[PDB]
Amino acid sequence: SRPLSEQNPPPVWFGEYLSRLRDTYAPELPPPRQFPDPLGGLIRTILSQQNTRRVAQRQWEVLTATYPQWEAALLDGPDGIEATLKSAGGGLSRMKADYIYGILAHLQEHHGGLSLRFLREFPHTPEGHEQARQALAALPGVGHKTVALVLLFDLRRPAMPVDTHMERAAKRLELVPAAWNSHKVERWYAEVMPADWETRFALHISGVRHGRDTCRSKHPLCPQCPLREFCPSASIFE
Ligand code: SF4
Ligand SMILES: [Cl-]
Ligand SMILES: [Cl-]
């Protein structure tokens, strides 16, 4: 019909929103994920979803102690993976084992191997980024949020993953309307943002911390918001 940034243009202060988020919540940027193989990083992202970061890090250590090669996890099948995930305290062990095992046995049957290293070889052009996006999207169970996370964290490609916490804040800011689902919010940010890996990385990290730590689902901390003078929603909460 018409690109989403046309139907809802960004505000004048949008650059100041980026600079307050960065200065407040991530003045020092964490490093990118440099795992041996992008497949490790995708598994790492799955572990962290609907999880505490404390258990997610524990499951990663235990999963890779248990399966030094991802080939070992494939041979163990979803039941052994589930046992391994559950042994580290996870709460979604059956679902995630079927998910992870489905990605592995998919790679093996259709690529003869369990490696995503070919994702690194696509050109760093607009087309090549879209090639890597498409390749991640062909994997069974991997949705747009997880595609963007792996592009941003594991491949240094300028995707624009937006976390649920960040989306909730953007809507309270009325940067984007309530009608829009997560995939549209992601597309809008990818249109309004400079296509620079670092700046998008800085936004994702800073935007999550703000939405998680300041703009909480219940009882947001509007008076400590650096974005307070900009947010229409501050008056409702305060
Ligand atoms: S002003 Fe309040 S509701 Fe608006 S983004 Fe900041 S914390 Fe969230
Ligand atoms: Cl790996
Ligand atoms: Cl789990």
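Each ligand, and each atom within it, is numbered from 1 in the order the structure gives. Residue indices begin at 1 and follow the sequence shown.
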Show me which atoms of ligand 1 lie under 4.0 Å from any heavy atom of [X].
X	result
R172	3 (S), 4 (Fe), 8 (Fe)
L173	5 (S)
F237	3 (S)

Atom 2 (Fe) of ligand 1 sits nearest the protein heavy atom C222 SG, 2.7 Å

Among all protein heavy atoms in this structure, tell me which lies nearest to atom 6 (Fe) of ligand 1, with the distance rounded to 0.1 Å. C225 SG, 2.2 Å

Under 4.0 Å from ligand 1, counting heavy atoms only, is it the side chain of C215, its backbone, both or neither? both

At under 4.0 Å between heavy atoms, is it the side chain or the backbone of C231 that contacts ligand 1, or both, or neither? side chain

Have a look at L221 and tell me which of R228, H210, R216 forms a side chain to side chain contact (heavy atoms under 4.5 Å, CB included) with it.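 Per the side chain to side chain contact (heavy atoms under 4.5 Å, CB included) rule, the option paired with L221 is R216, out of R228, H210, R216.
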
Any idea how [X] and [Y] line up, ring-wise: parallel (<30°), tilted (30 to 60°), or perpendicular (>60°)?
X	Y	value
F201	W197	parallel
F14	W188	perpendicular
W60	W70	tilted

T146 versus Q49, side-chain donor and acceptor atoms under 3.5 Å: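 The criterion, which ignores hydrogens and geometry beyond distance, is satisfied for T146 and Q49.
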
Between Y67 and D76, do the side chains contain a donor N or O and an acceptor N or O under 3.5 Å apart?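 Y67 and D76 do have a side-chain donor-acceptor pair below 3.5 Å.
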
